[PDB]
Structures are given as structure tokens and as C-alpha cells.
Amino acid sequence: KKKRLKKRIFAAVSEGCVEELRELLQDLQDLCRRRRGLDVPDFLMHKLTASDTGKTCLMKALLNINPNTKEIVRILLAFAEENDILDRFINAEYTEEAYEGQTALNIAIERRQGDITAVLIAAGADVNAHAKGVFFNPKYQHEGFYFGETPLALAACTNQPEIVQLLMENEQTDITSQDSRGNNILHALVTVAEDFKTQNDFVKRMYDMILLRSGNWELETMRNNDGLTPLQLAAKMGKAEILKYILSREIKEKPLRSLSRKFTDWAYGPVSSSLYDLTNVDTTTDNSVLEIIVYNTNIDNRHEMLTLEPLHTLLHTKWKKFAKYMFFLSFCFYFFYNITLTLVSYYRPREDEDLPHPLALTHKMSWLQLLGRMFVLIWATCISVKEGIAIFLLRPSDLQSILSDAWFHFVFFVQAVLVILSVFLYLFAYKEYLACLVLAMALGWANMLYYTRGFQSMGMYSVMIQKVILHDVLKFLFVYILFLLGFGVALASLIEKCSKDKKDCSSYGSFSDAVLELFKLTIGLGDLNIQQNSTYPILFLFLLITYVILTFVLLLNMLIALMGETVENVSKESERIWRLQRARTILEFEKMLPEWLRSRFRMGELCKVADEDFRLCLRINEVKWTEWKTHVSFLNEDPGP
Amino acid sequence: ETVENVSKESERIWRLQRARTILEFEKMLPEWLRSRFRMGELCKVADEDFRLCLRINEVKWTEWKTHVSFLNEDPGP
Ligand SMILES: NCCOB(c1ccccc1)c1ccccc1
Ligand SMILES: NCCOB(c1ccccc1)c1ccccc1
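For this coordinate set, the PDB header names cryo-EM as the determination method and states a resolution of 4.0 Å.

Next up, the structure:
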């Protein structure tokens, strides 16, 4: 095409040079003179825009930047103004698939140029643009930076408060606008705002700024293409610090304190009562906040989120009024359950009826000695149906929570089924009649570890059991097998190859007996009679002493293996795992609670500002001392009769 | 200092005692087909296109600056 005009400009634009560019303009003005069938638009947009990427001359002026860019934007605008093509020039996009809608306004906000940005808006740049390129990236950590693709959110995402102050004063700016993911702007701040504390933290300061700049309540009711409110999106993404704002959000004004989530009942000196607006927070709607915090597995800091005041005292009140008494009730049922399996099989009052059958319901039984056998058959089937529904529900949780929680759904289910399969085994009478019963009884007492939740230090001990058995027993066992099998070959010279003095007359297993008589020492159930040889018992015992010392050092380092911030981390994480593993039980009990008579918490519906008396459901607290202020909040009283 | 030193030094001795294995395996790896890492040879400033071997990372947030560095894009097809 002999494009000696186009590439000459884009270099001179990248230089930012003015005087060389002014020469390039009058040559192009004469080049516009040479043909006038398509006068300005379709000739200059073949000259000012790259072919493949669609990168224009103005975006090239904003990728590279030097102190002549404050002038060279004006010249490239006045060139489009003198040629009356500015609207398709100020609002041109990448035709490239990776940057679909990266406009010149986005790339000017991207380079954080506040003075140049106001010129482009005054030149008529599209403020409601959308950049739908491949920078969305499910593989997020590289080439990503999702920001909700609008020019308003991009200044909102990249700490540009003055440009947000500029863009939201433009009346053409669609603040309520959505994304390809359905995200509005408050979704976009949620999906960026990290759980780093105070990175001169701008997002919470700017999430604050957008709602107070403009907006009714009809912005956080907007759902994305997952159907999530920005409160729910802040919970599902687990961004804790932005969610400490949304659940508090006290607004001390009176045009727009209706947007506030925290209120005041009354204020009287250093004692004051706080009220929470609590709409989607409580487990009363579909996919509530506690529904999407506590059942979530993906995020790390669930405990850092449930410490927050609207979630905390609500979880305490569900605990005290409701879930404590069901837990003790479901304790005493499943505890009398396991006593019954112990008192049916292994009781034998006097002289049982010639190898009986445990769960049998024979012709004459007094109604104290077989109703317990009915009590097992009911409450095993009651458990077997319950987590059988959890097969239909917990499809992704089990593999993602590979060690943390929801194992106790399984171990209850395996224990309940093997009781029932022992009854199915009776109807066919195979060899494993007693075998499937006892593993059902052994798990039944091992299942009481699920009821070791409930006391504040009891599960905090029980989680430390679940930590060592899952993580660090297989650590120790793989080394302990190793020196076992290491010295065991060294010991099994002194069996079957050495003196032995009387042996090859006892049972079997030359290597196996040498292992086991070295393996009984860790119990302390030590045998001397296996060692009677000829003059090698000098060499036997000093070998076997170096087993005990070596398997002391494996034991002594095992205590140090749990050490390393045991003053903090082994104690505190086992506490915070426990509080999450008890808060998941409580919301599970509300699924167990029938829909009728939830006449419970969710306190009285006092006014907010508006004409309706009952506006919203509430939650009352008791906040405290210093940093006084002369309050202008609410009904100035004590709470009332 | 088991809270710090017995735990942390045993970790840092281990990372050195695993990083010595890895460079030992490259001596074990035959010279043919080391078609591996050492990413693409992009420009530096100069007239040669391939200037030097590279390594790509993914750096992050606050303390922004208006950048004047390089090819102003996302990494490319
Ligand atoms: N006073 C709070 C009592 O409830 B908390 C609680 C106690 C035991 C089990 C489950 C919850 C609690 C709730 C949220 C954050 C921290 C603790
Ligand atoms: N329909 C199944 C009920 O089983 B319950 C139960 C469910 C899961 C895990 C453990 C027990 C139960 C709950 C409260 C009190 C008593 C029992």
C-alpha cells in the first residue's frame, strides 16, 4: 500500500515530537486533497488506525508518554476537529480479539493522566465504554486485571479518586451499568479489593465514595450473571475488609442515611445501642451471607469474617437460643445409640442362648430388652437417610475440603449403613455377620469426636487430634516403619541365620517374628525370651538399644515437629478451625429445623427514615466508651417498654 | 527458640538440601533435549531482535507510577 505516511506518524507520535508532526499534518492535508470521494472518514481511519490490532493514533499517543503529550493530544484532537471525524476518532476501539473495547479513554485513565482525561471527556469520549478482551482470564494471576471493563470502574479500581470525581459528575455516565459478567461497579471493587490491611486502603474509601456520590439503594440489589449481590460477592470471594464496611456502613448525614446498614437505637453518653439493617445477612432468604460464608470452602479467612459484629452475635444467638439444645439432644440420642450396640452384642447377662444374634427380634422379649434393639434400627436408618441426601448435595465440597470438614457426614453414614448391612447380612447369613457389625460399633464410639465440638476447649483439643492424625502421623509413621524395617533386617540375621541355641521349634515366620519382637518394644511389651542365643546376645542387645534410642529421637523430634509457633499457631489455628467447624453445624441445624415455628430471633422492625413503619429486620447491640461525640442519630431514649 | 530457630533453620537447611539435588539432576540430564525453560528472547534496546534469554513474572499493587517501560500490551499470542 506504500504506507510511508502511516508508520512515519506513529513513530513521531511515539516520540511525542510536535514540530515533526506538524509537517506530517500538512502533507496529509494535501493527501486528503488528492482524492475526495470518501473525503475525511474512510481515508484518515485507514491512516490513523492500524490494520490488524485496530490501535489508533490517539491510543498510540497514550501508550507512550513524554511531557509533550499534553500538547500532542490537543493536536491530534484538533486534527480530528478540523476534519470533523472526532466522534469515531475519540471512541475507536481495538478490533483485536485480546482488547475488545480498550478505548482511548480507558488507556488515558490507565496512565493516570487526570488533566488529559478531562480534555477527552470535553472532546466527547465515550465514558460508558466496555473492554471485553481476553484480559478477563480465569487463569487470573497472569495477564489478567479484571476491573469490570468500564472507564468509571477503572479509575475506581486504580486509586484515581479525582477521575471518579470527574466521571461521576458527567451526567452521561451510566453508574448503574453492568458487565459481560453482569457486574456493576460495586462488584468490580469487590473483585479487586485485597485482604491486605490498610494499603492506604483506597477501595473501602472509594466503595464509600461511589454510594455517597450517587445512587439509591437500587445498586446493591443488582445481581451479576451468577446472581450475587455485592454483599454476597464480597462473601463468596472472601474479601473480608470490604465486608467489614458493608455490614457496618454508618452514615452520619440526613439526605442519605437510608443507605446505611448500621443504625443507632439510642445514644446516652458512653453507652449506646446499635442496630443492623441485616436484610440479606441472616439465613432467611435463598443463598444468604452466612450461607455463603460458612458453607464456602474456597476462601482462606472464614474466621476473619465471622468475627464481624453482624455475623458474630447472630451466630451466638442462633447458638444460645437454638443450636445448643439441639446439639445436646442429638448428643444424648447418638450416645445412647452407641451404648445400645455395646449393651446388645457384648453384654451376655448370664449364659447367652448358644451364640445368639444381636439385632434379632425373637418371639418373646420384654419391652425393655428389645426396644433398644428397635432404637438402634430406627436411629441408624434416621442417620442413613440424612446424609444420603448429602450425597445429592455435596458434590464439590468433599474433594476441595480434602482434610478440613464434611468428613463427619461420611463417617456417620458409613457407621449407619454397616449397622443396616449387618441386618441385610442376617437375611443371607454369610460369614461376615459379626465382622460388619463391629466396625460399625468401632466407628460408633469413634464418631463421638463429632460431639467433642461444643465446649470451647474440648474441640480445640479434638482439632489437634484431627490435625496430627491427618497431617503428621503419616509423617512419623513413614520414618518409624523405616527404622523398623531397617533394623528388622539387621535383627533377622540373629534369627534363622545366627546361633539361636534352641530355636526353630516355636511357631513360624523368621523375618516376621524378628520384626514383631522388635515392634513390641514401642508398646513397652518387651520380651526377653525371644533373645536366648550364643554370645551374640552381647551384639543383640546393643543393636536393640540402638533401636530404642533411634526410636526415641524419632519420638523426641516428633514433639519438636509439632513445635514451631506452638505458642501461637498450633493453638490459635486449632481454635479458629474449631469455630468454623462449629458454625457449620449450627447452620446445618437450621436446615434440620422445620419451616413452621421459626418464631425466634431477628428483632423488631423499627423505622429507617421512610414512610413505612416496619422497614427492615434488625439486631441490637451495646457499644461503649471514649471518643465521645454529640450524637444526632435517632429516638433519644432508652429502648422502651 | 524452638518457636523460631529449631523449626526455621531445619526448614532452610532442607531447602538448600533439596536445591542441591535439583542441580545435581541437571548434571544427570543428558545434553540433548534440554528443550525446557529459559523463556523467549525478546529485545532489550538494540538492533538485534533476540538479545538475551528471559524469565517472566507477575508483580503487583500499590505505589503506582505512570509507567514508561516497554511494549504496552498484554503478553501476546
Ligand atoms: N460471643 C460470641 C459467641 O459465639 B461464637 C461461637 C462460639 C462457639 C461456637 C460457635 C460460635 C462466635 C461467633 C462468631 C465469631 C466468634 C465467636
Ligand atoms: N434425621 C437425622 C437426625 O439426626 B441427627 C444428626 C445429623 C447429622 C449428624 C449427627 C446427628 C440429630 C440431630 C439432632 C439431634 C438428634 C439427632
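Asks: Can you walk me through the pairing of strand β1 (residues 262–268) of chain A in this structure?
Replies: A regular strand carries its side chains on alternate faces of the sheet. Residue and element names in this part refer to chain A. Both β1 and strand β2 (residues 271–276) contribute to a ladder of 6 bridges, which runs antiparallel. Within β2, the position partnered with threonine 264 by the bridge is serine 274. Hairpin geometry of β1 and β2 is characterised by an intervening segment of 2 residues between the two adjacent antiparallel strands and by a positive phi of about 65° at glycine 269.

Asks: It is not clear to me how a positive patch on the surface should be interpreted in this structure. Could you clarify?
Replies: Residue and element names in this part refer to chain A. On the surface, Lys1, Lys2, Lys3, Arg4 and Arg8 cluster together into a patch of positive charge. Mapped onto the fold, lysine 1 is located in the segment before α1 (6–15). With relative accessibility at 49%, the residue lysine 1 sits in the partly exposed group.

Asks: It is not clear to me how the side chain of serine 401 of chain A should be interpreted in this structure. Could you clarify?
Replies: Residue and element names in this part refer to chain A. Along the chain, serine 401 falls in the loop between α19 (397–400) and α20 (407–426). For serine 401, a relative accessible area of 5% gives the class buried. Here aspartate 405 takes part through its backbone oxygen, which lies 3.3 Å from a polar atom of the side chain of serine 401. Discounting residues that sit within four places of it in the chain, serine 401 has contacts with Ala406 and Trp407.

Asks: Help me out: how do you make sense of a nonpolar patch on the surface in this one?
Replies: All names here are of chain A. A cluster of nonpolar residues, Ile469, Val473, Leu474, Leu477, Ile481, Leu485, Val489 and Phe511, forms a patch on the protein surface that exposes about 700 Å² of accessible area. A total of 7 residues in the nonpolar patch trace back to one element, the largest contributor, which is helix α22 (residues 458–491). Residue placement: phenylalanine 511 occurs in helix α23 (residues 510–519). Since its relative accessible area comes to 37%, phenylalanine 511 is described here as partly exposed.

Asks: Is there a simple way to explain the site of ligand 1 in this structure?
Replies: Residue and element names in this part refer to chain A. The full set of residues close to ligand 1 is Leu306, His312, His316, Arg579 and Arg582. One of the side-chain nitrogen or oxygen atoms of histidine 316 is found 3.4 Å away from a nitrogen atom of ligand 1. Burial of ligand 1 by the protein amounts to 80% of the accessible area it has alone, namely 420 Å². Only α17 (309–345) and α25 (569–592) provide two or more residues apiece to the shell around ligand 1. Across the shell around ligand 1, the residue classes tally to 1 nonpolar, 2 polar and 2 charged.

Asks: Sorry if this is basic, but what is going on with the UniProt feature "repeat: ANK" in chain A here?
Replies: All names here are of chain A. Sequence positions flagged by UniProt for "repeat: ANK" are, in local numbering, residues 3–34, 56–84, 100–129, 147–177, 184–216, 226–248 and 284–306. Secondary structure across residues 147–177 divides into 45% helix and 0% strand, with the first and last C-alpha atoms of the span separated by 13 Å. Annotated as 70% helix and 0% strand, the span residues 226–248 places its first and last C-alpha atoms 25 Å apart.

Asks: Help me understand the packing of helix α12 (residues 202–213) of chain A against helix α14 (residues 240–248) of chain A in this model?
Replies: In a pair of packed helices, the angle between the axes and the distance between the axes together describe the arrangement. All names here are of chain A. In the contact formed by α12 and α14, the axes pass within 9 Å of each other and the chain directions differ by 35°. Relative to α14, the crossing made by α12 is right-handed. When α12 is examined against α14, the residues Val203, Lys204, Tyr207, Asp208 and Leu212 are found in contact with a partner set consisting of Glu241, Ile242, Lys244, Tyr245 and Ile246. Class assignment for the residues of the contact of α12 with α14 results in 6 nonpolar, no polar and 4 charged.

Asks: Help me understand the environment of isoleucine 620 of chain A in this model?
Replies: Residues and elements named next belong to chain A. By secondary structure assignment, the location of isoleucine 620 is in the segment after α25. The partly exposed category is assigned to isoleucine 620, whose relative accessible area is 39%. Note: C-alpha distance between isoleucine 620 and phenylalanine 263 (357 residues apart in sequence) is 9.6 Å. Filtering out sequence-adjacent residues up to four positions away, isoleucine 620 remains in contact with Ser273, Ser274, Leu275 and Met603.

Asks: Looking at this structure, I do not really get the site of ligand 2. What am I missing?
Replies: All names here are of chain A. Every residue close to ligand 2 is listed here: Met326, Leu329, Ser330, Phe333, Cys382, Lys386, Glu387, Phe412, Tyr451, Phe589 and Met592. Relative to its unbound accessible surface of 440 Å², ligand 2 loses 82% to contact with the protein. Elements with a contribution of two residues or more to the shell around ligand 2: α17, α18 (371–393) and α25. If one sorts the elements of the shell around ligand 2 by residue count, α17 sits on top with 4 residues. Across the shell around ligand 2, the residue classes break down as 8 nonpolar, 1 polar and 2 charged.

Asks: Honestly, the interface of chain A and chain B in this entry has me stumped. Any pointers?
Replies: Often, the extent of an interface is quoted as the loss of accessible area upon association of its parts. With 23 residues of chain A at the interface, the matching set in chain B holds 18 residues. Roughly 1800 Å² of surface becomes buried between chain A and chain B when both sides are summed, with 57% attributable to carbon and sulfur atoms. Applying the counting rule to chain A against chain B returns 1 salt bridge. Between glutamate 73 of chain B and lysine 55 of chain A there is a salt bridge; the shortest N-O distance is 4.0 Å. The interface formed by chain A and chain B holds 4 residue pairs in polar contact in total. Taken together, the residues of the side of chain A that touches chain B break down into 9 nonpolar, 8 polar and 6 charged.

About the thresholds
Residues numbered from 1 in each chain as written, not as in the entry; some residues may be left out. Chains lettered and ligands numbered in written order. Part of a larger assembly, values for the part shown. Heavy atoms only, no water. Residues with missing side-chain atoms left out of burial classes, pairs and counts. Pairing = 2+ DSSP bridges. Helix = DSSP H or I, 4+ residues; strand = E, 2+ residues; numbered from the N terminus. Patch = residues over 30% accessible without salt bridge, like charges linked within 9 Å, V, L, I, M, F, W, Y side chains within 5 Å. Areas by Shrake-Rupley, 256 points an atom, 1.4 Å probe, with all protein chains shown as cover. Salt bridge = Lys/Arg side-chain N within 4 Å of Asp/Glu carboxyl O. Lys, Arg positive; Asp, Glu negative; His and termini not counted. Charge placed at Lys NZ, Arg CZ, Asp CG, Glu CD. Buried < 20%, exposed > 50% of the residue type's maximum accessible area, 1.4 Å probe, protein only. Polar contact = N/O pair within 3.5 Å; in protein donor to acceptor, adjacent residues only side chain to side chain. Contact = heavy atoms within 4.5 Å. Near = heavy atom within 4 Å. Nonpolar A, V, L, I, M, F, W, Y, C, P; charged D, E, K, R; others polar. UniProt positions renumbered as here; feature names shortened; annotations may be inferred. Axes fitted to C-alpha atoms, helices over the stretch in contact; angles between N-to-C directions. Left-handed = near helix turned anticlockwise from the far one by under 90°. Buried area = accessible area lost by both parts, 1.4 Å probe.

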